[PDB]
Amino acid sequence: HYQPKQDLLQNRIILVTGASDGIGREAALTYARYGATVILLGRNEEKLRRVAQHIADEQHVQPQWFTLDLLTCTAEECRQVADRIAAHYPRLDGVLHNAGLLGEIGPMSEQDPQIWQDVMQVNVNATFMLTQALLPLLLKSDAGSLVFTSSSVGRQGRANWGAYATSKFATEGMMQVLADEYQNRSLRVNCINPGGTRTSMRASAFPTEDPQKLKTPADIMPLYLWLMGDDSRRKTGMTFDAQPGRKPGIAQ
């Protein structure tokens, strides 16, 4: 139902994490198609260069990319990325925290403790540290938009989703704290729950699922566009479902 003009994001500088594949890749491509100056973040250089070349072929402007491994980045290793961005851009109008680690799908009694900690580190701790590093740039926007990525399991825990579900609950908590802090300020903060979407992470979570029964990243982009454009400027502290009527769990 949301069909914005093709220049919705013209002149908006938007950073996308996990831009090298799946939903983040589609978000980067789509934001560029809608006029934005996109900044790509990921850990795999070759995958990032590929997405950037795809965007340059269509927009005739090469977007910049930065590699940052959220699992191993120390507190200072995130601020360094913000300094590099600040050297080339005067502000950030949007930040989409899309990067995420699934970890292990299995019972709590078997959850590998190191993997548990890695999931919490990428999805929660490093996501927080990166956010802290980028807030100054976000506050230079006339109406900045900060978006975190949750999941169906971020609102209702489900058996065998261990660290990932716990990390998505944490994500919603973090978003709500930030939304309240910036309530009457220039920055809005919200979460997007994409719902079951056709990506390799989803296929790993549900190996018996038929991915053709799922919506594609392209299909769920309207919400992604809406949160970065001016139509959502009065909305903060909310978790929005990209697929409100989708039955949670494996596709039937």
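So that there is no doubt, residue numbering starts at 1 and follows the sequence shown.
- Checked against the record, the higher mean CA B factor of 199-207 and 57-65 lies with 57-65.
- Between 76-84 and 144-152, it is 144-152 that carries the larger average Cα temperature factor according to the deposited entry.
- For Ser109, the recorded CA B-factor ranks within the highest third of the chain. Only modelled residues enter the ranking.
- Annotation for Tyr182: C-alpha temperature factor in the lowest third relative to the rest of the modelled chain, per the entry.
- In the PDB entry, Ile23 places in the lowest third of its chain by CA B-factor.
- Sort the modelled residues of the chain by CA B factor and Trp161 lands in the middle third.
- Ranked against the other modelled residues of its chain, the C-alpha B-factor of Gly173 as given in the entry falls in the middle third.
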